[PDB]
Amino acid sequence: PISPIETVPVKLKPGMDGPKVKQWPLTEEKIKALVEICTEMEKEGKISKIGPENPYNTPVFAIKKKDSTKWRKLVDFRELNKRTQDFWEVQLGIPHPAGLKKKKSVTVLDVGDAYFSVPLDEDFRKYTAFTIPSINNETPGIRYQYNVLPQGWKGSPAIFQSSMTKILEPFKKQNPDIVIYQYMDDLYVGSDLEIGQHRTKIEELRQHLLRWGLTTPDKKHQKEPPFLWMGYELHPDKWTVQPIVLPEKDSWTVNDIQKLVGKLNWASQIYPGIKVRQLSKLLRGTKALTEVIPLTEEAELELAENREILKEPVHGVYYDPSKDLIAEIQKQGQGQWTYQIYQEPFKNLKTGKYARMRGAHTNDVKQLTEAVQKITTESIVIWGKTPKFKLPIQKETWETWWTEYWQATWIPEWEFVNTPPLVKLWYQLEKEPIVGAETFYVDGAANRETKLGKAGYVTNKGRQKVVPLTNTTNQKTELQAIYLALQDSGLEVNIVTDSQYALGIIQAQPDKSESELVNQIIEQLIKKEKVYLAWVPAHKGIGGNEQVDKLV
Amino acid sequence: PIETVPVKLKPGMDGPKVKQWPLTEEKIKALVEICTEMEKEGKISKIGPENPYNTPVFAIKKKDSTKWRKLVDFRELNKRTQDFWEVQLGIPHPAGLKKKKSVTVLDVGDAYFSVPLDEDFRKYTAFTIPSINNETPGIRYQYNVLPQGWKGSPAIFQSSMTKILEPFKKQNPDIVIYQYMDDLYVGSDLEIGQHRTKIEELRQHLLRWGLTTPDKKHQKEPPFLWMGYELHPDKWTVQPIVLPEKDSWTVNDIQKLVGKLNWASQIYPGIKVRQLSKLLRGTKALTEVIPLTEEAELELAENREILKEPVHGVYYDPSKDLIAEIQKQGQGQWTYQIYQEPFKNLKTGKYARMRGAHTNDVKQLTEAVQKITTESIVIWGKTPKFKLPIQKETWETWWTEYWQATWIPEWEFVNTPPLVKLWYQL
Ligand SMILES: Cc1cc(C)cc(Oc2c(CSCc3ccco3)c(C)[nH]c(=O)c2I)c1
Ligand SMILES: OC[C@H]1O[C@@](CO)(O[C@H]2O[C@H](CO)[C@@H](O)[C@H](O)[C@H]2O)[C@@H](O)[C@@H]1O
Ligand SMILES: OC[C@H]1O[C@@](CO)(O[C@H]2O[C@H](CO)[C@@H](O)[C@H](O)[C@H]2O)[C@@H](O)[C@@H]1O
Ligand SMILES: [Mn+2]
């Protein structure tokens with residue numbers, strides 16, 4: 001820890017100045033612990049006693065390490081962090097296991113004293129000043145300032161990362177073969193070389209890092225495969241998620257649930273069939289982390305299925321750039337889809353689910369297309385290309401649905417997989433009026449205060465009908481009048497409404513809805529042989545429409 | 001001497017901090033190459049972690065030399081560096097441009113690369129070539145010269161442009177020359193051959209006395225608009241509202257007609273549906289055929305009349321922005337309206353290409369957007385804000401697959417209501 005690496009210039013935000021937080025003295029031993037820690041640091045160059053001049057100050061403290069012979073210095077830069085300039089945000093994302101490529105040997109190197117090994121911009125040191133209190137309210141206390149990246153400062157992560165990158169730049173160019181992943185203070189070195197030649201290069205890298213003030217592990221690696229990494233378990237030829245453990249409770253809190261779902265979604269990367277619709281449906285209502293929540297019948301029926309799936313262990317495989325990417329998707333049940341991405345029969349790179357409706361009402365095609373989109377984005381992120389899709393829908397089905405759809409959609413090349421349940425259109429509306437079909441003029445109306453309503457129809461055959469409705473809305477009665485017409489008509493019917501709202505819902509051909517009434521209308525539409533739905537401007541003297549408007 | 005022009009951001013505004021979109025390994029490899037060279041050439045420089053800004057970069061093809069090209073999305077930076085340069089009283093957009101027989105668009109973006117960029121401003125032009133699967137942190141760079149795509153580039157080069165074009169304009173007083181960002185729009189009423197000849201004199205003039213470089217988009221291969229980018233605005237149509245011509249009308253036909261006419265009434269005051277509705281009196285089967293009355297056509301035919309001459313009492317206001325809505329019409333056809341206030345269309349139009357070999361909705365929409373934007377620039381001097389009838393995610397995934405322009409408009413995503421009916425054709 002004495003790196004000759006050029007420093008990164010740093011600045012306090014515009015207008016602001018150093019922090020002047022007073023140190024509140026403490027324990028006899030705690031001050032002694034600091035002096036001993038700081039004297040050892042001073043010897044190492046990590047910090048330097050500053051003159052009586054002017055450095056500002058940041059509170060210091062000292063803690064019992066989780067081992068009791070050694071104590072730990074601790075600085076609370078919260079105030080400095082606030083006055084310090086923004087930095088290029090360090091990698092918020094993380095490399096996904098199914099994106100790594102097969103390697104014969106992989107070594108893990110931990111940099112030691114990572115931060116304390118990189119120098120701090122000379123001009124910025126003065127703002128890191130701190131003081132360890134005195135014997136006890138007597139002597140002034142000693143003033144110190146950092147000369148290296150302080151363990152809790154804002155710029156330490158990014159500056160360290162960039163310095164590491166620069167240090168590795170020459171080595172990675174003299175070894176286009178070796179791959180190195182940087183993550184925090186860890187370095188994962190992999191290669192397709194003979195265990196003896198590999199171990200060779202590793203020692204090389206080590207000496208290189210060492211000549212730049214970076215110390216790596218002694219047995220050359222305190223690396224023992226499988227590596228437990230970020231909720232993952234990586235083996236030389238496969239990867240999985242670390243031991244998932246679902247808690248059994250009697251009273252579940254909002255907090256208990258969120259934690260459950262989170263873990264479930266994490267299992268979802270490799271465990272096929274995980275579902276979290278109902279457990280989530282039952283969640284964000286309001287944000288009490290502690291407001292106990294009564295477990296729904298479905299939520300428990302869902303939680304049960306999840307437990308069974310998690311019973312037998314599953315693993316994922318690594319990426320082979322040679323072979324290509326394939327994605328398969330299968331419908332599940334009720335707005336739920338699951339998928340897997342692979343290269344070889346029986347070897348999953350990873351799995352996933354798609355349970356987003358994107359609206360009150362939808363249909364399988366439109367949801368299927370969205371699932372394709374999410375996967376495509378994920379594939380590009382993880383592998384850098386799009387996969388070949390295998391979908392439970394025939395070219396005709398999809399072909400029909402979009403030539404008609406008012407929106408623009410697109411799907412990379414795909415293949416029809418005949419493995420029910422297949423995606424399909426349960427009903428299609430006529431594009432022209434039927435001839436020997438009774439024509440129903442429907443209308444619905446509601447009182448905005450009493451919320452009482454009416455729904456009815458008048459047909460050309462002379463039939464009229466009105467039905468009373470309770471606790472309803474204008475829009476709700478409009479859908480109900482249509483439902484009414486469908487119920488009283490034959491296998492073929494022409495329906496005329498003045499509701500753009502009800503038009504828009506049905507003309508979008510939905511096969512499932514969050515609305516109970518819409519699902520009933522849908523059930524009726526499927527029963528029907530031919531249904532032609534039409535719209536006309538309300539209160540415009542259109543015969544048929546005027547008569548029924550006055551009725552309701 | 002490095003004569004850089006002091007540039008600053010809008011008061012009380014900080015640089016852009018936009019996230020880089022993940023890119024295909026293919027596009028990443030292209031960017032790495034292009035940047036490695038720009039770096040060797042001194043146009044850009046690697047930056048450190050003390051720079052926190054970011055602007056999205058993309059990799060496109062100007063239609064296939066099988067070359068790649070970098071496209072920086074400075075939409076955010078432009079909005080913070082400039083609606084204040086001297087953004088309102090230099091040479092605003094000329095009006096005869098949309099009346100010329102031929103307007104050729106030439107890319108003069110390579111000029112900028114010569115002028116060094118202001119020291120204190122560079123930091124604000126930082127971008128990131130992404131890594132695949134977060135394997136390594138992205139490669140970060142910032143510009144050392146005026147970047148193509150930034151709205152301050154043309155403004156800072158302005159003086160130099162007007163100086164180079166002087167002689168040329170002094171000898172061709174009947175050629176309008178309008179600049180918009182990275183492009184020059186040259187219009188005339190000459191004959192195609194002369195017009196084209198004259199464009200060639202301009203190119204060579206920029207080349208030799210500019211020691212500026214306009215690319216030579218040699219003439220057509222496939223049948224339509226290929227040399228520079230050859231427009232013919234004097235031939236731009238308007239897609240008026242059309243009412244069906246009928247053999248036999250059914251109750252359902254008149255109902256649809258009354259609905260459309262009713263809707264139109266919010267634009268054309270003269271439209272009337274009185275004598276037309278009377279034929280619907282009574283609750284009849286939609287099929288029932290009904291003879292148009294005598295007063296009907298006296299009303300219908302009168303409507304077709306009003307619906308021919310685009311409305312008036314609609315003026316372009318430069319303080320408000322233009323809005324373009326597009327609707328999928330099927331069969332590779334697309335309609336659109338440019339406006340500023342609902343029901344006050346400055347223009348209406350259509351766009352279509354259905355059966356060449358290779359086309360899909362995204363590609364179509366992508367070309368329609370570039371077509372509308374170009375017409376928009378020619379007619380008003382600015383690009384509009386688009387209300388795209390596609391899903392955000394999808395558009396974001398594929399638009400760069402067919403984008404060829406050097407500029408990028410604002411856009412938002414919408415869900416078109418069944419009024420496509422009130423706009424469709426034949
Ligand atoms: C802790 C850790 C994290 C990551 C993201 C990669 C890594 O080593 C790897 C691994 C996996 S680590 C386990 C392993 C690989 C071989 C033996 O054991 C793979 C598949 N491919 C590589 O290119 C590298 I570098 C090791
Ligand atoms: O070509 C894939 C083909 O093999 C099957 C089994 O017949 O799928 C196997 O491999 C998948 C991933 O590699 C697993 O998700 C699946 O559970 C396993 O049976 C077929 O389903 C598939 O068509
Ligand atoms: O594509 C939408 C997406 O792009 C971002 C940048 O990542 O913003 C850009 O597009 C917006 C809409 O056109 C502009 O308002 C903005 O100037 C531009 O950067 C995202 O903000 C937006 O979600
Ligand atoms: Mn009504």
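Note that each Cβ is placed from the backbone with ideal geometry, even for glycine, and that neighbours are counted across all protein chains shown. Bear in mind that the values in this text are calculations on the coordinates, not laboratory data.
Note on B:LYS235: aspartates and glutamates with a C-alpha under 16 Å away, same-chain residues under 8 apart excluded, are B:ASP189, B:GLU191, B:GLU375. Region B:75-138 and region A:425-465 have their alpha-carbon centroids 56 Å apart. Phi angles of region A:193-202 translate, via the Karplus equation with coefficients 6.51, -1.76, 1.60 and θ = phi - 60°, into HN-Hα couplings of 10, 5, 2, x, 6, 4, 3, 5, 3, 3 Hz per residue; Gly and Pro are given as x.
Dipole of the protein assembly as shown computed with +1 at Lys/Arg Cβ and -1 at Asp/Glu Cβ about the Cα centre; of A:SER268, A:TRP71, A:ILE293, farthest Cα towards the positive end is A:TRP71. The GluC sites (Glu not before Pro) of region B:17-51 that meet both conditions, a loop assignment by DSSP and at most 11 other Cβ atoms within 10 Å of the site Cβ, are B:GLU41.
At the listed q of 0.08, 0.12, 0.16 Å⁻¹, the Debye profile of region A:1-160, built from one uniform point per Cα, gives log10 I(q)/I(0) equal to -0.29, -0.60, -0.97.
Neighbours of B:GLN327 by Cβ distance under 13 Å: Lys/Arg scored +1, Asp/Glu scored -1, total +2. Could you work out, for region A:258-412, what percent of all Cα-Cα pairs fall into each 10 Å distance bin, beginning at 0 Å and stopping at the bin that holds the largest distance? Pairs per bin, as whole percents: 9, 35, 33, 19, 4, 0. The charge dipole of chain B, taken about its Cα centre with unit charges on the Cβ of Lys, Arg, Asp and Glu (plus for the first two, minus for the last two), comes to roughly 200 debye.
If you take the Cα centroid of region A:218-232 and the Cα centroid of region A:472-507, the two points sit 64 Å apart. Over 10 Å intervals from 0, what percent of Cα-Cα pairs in region B:304-385 sits in each interval? Answer for region B:304-385: a P(r) of 17, 44, 30, 9, 0 percent. In summary, the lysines within cross-link reach of A:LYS13, defined as a Cα separation below 17 angstrom excluding same-chain residues under 8 places away, comprise A:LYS82, A:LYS126, A:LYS154, B:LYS17, B:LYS123.
Magnitude of the charge dipole for region B:1-51, about its Cα centre and with charges confined to Cβ atoms of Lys, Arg (+1) and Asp, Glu (-1), is about 260 debye. Placing unit charges on the Cβ atoms of the charged side chains and taking the dipole of the protein assembly as shown about its Cα centre, the candidate lying farthest along the positive direction among A:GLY316, A:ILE5, A:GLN524 is A:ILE5. Directionally averaged projected area (region A:226-319, Cα convex hull): 6.7 nm². Take the alpha-carbon centre of region A:289-360, take the same for region A:150-207, and report the distance between them in whole Å. Centre-to-centre distance over Cα atoms comes out at 35 Å. Using a Gaussian network model of chain B in which every pair of alpha carbons under 10 angstrom is joined by a spring, one finds that among B:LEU307, B:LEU77, B:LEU97 the greatest mean-square fluctuation is at B:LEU307. Against the main long axis of the alpha-carbon atoms of chain A, helix A:474-488 sits at an angle near 50°.
Count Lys and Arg as plus one, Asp and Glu as minus one, and take only other residues whose Cβ is under 14 Å from that of B:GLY228; the net charge is then +2. Sparsely packed loop sites in region A:1-105 (the GluC sites (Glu not before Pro) outside DSSP H, G, I, E and B with at most 16 other Cβ atoms within 10 Å) comprise A:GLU6, A:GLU44, A:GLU53, A:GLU89. Among B:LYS27, B:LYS170, B:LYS216, the largest mean-square fluctuation in a Gaussian network model of chain B, built with springs joining Cα atoms closer than 10 Å, belongs to B:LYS170.
Put +1 on the Cβ of each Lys and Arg and -1 on the Cβ of each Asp and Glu in chain A; which of A:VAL496, A:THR39, A:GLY112 then has its Cα farthest toward the positive end of the dipole? In chain A, that residue is A:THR39. Rg over Rh for the protein assembly as shown works out to 1.02, using Cα positions for both radii and the Kirkwood form for Rh.
The Cα atoms of region A:403-465 give a gyration tensor whose axes a ≥ b ≥ c have a/c of 1.5 or more with a/b greater than b/c, which makes the shape prolate. Which translational diffusion coefficient, to the nearest whole µm²/s, is obtained for region A:320-426 from the Stokes-Einstein equation, given a Kirkwood hydrodynamic radius over C-alpha pairs, 4 °C and 1.567 mPa s? The Stokes-Einstein estimate is 90 µm²/s.
When all alpha carbon pairs of region A:427-552 are counted in 5 Å bins from zero, the resulting P(r) reads 2, 12, 23, 26, 21, 12, 4, 1, 0 %. For region A:261-334, the set of GluC sites (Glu not before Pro) satisfying both a DSSP loop assignment and a count of at most 15 other C-beta atoms within 10 Å is given as A:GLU291.
The dipole here belongs to the protein assembly as shown: it is taken about the Cα centre, uses +1 on the Cβ of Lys and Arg and -1 on the Cβ of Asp and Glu, and is about 820 debye. Remark on chain B: ratio of C-alpha radius of gyration to 2.2 N^0.38 Å is 1.15. Backbone geometry of region A:356-365 corresponds, through the Karplus equation with coefficients 6.51, -1.76 and 1.60 at θ = phi - 60°, to 3J(HN,Hα) couplings of 10, 8, 6, x, 5, 10, 7, 9, 3, 4 Hz, x marking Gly and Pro.
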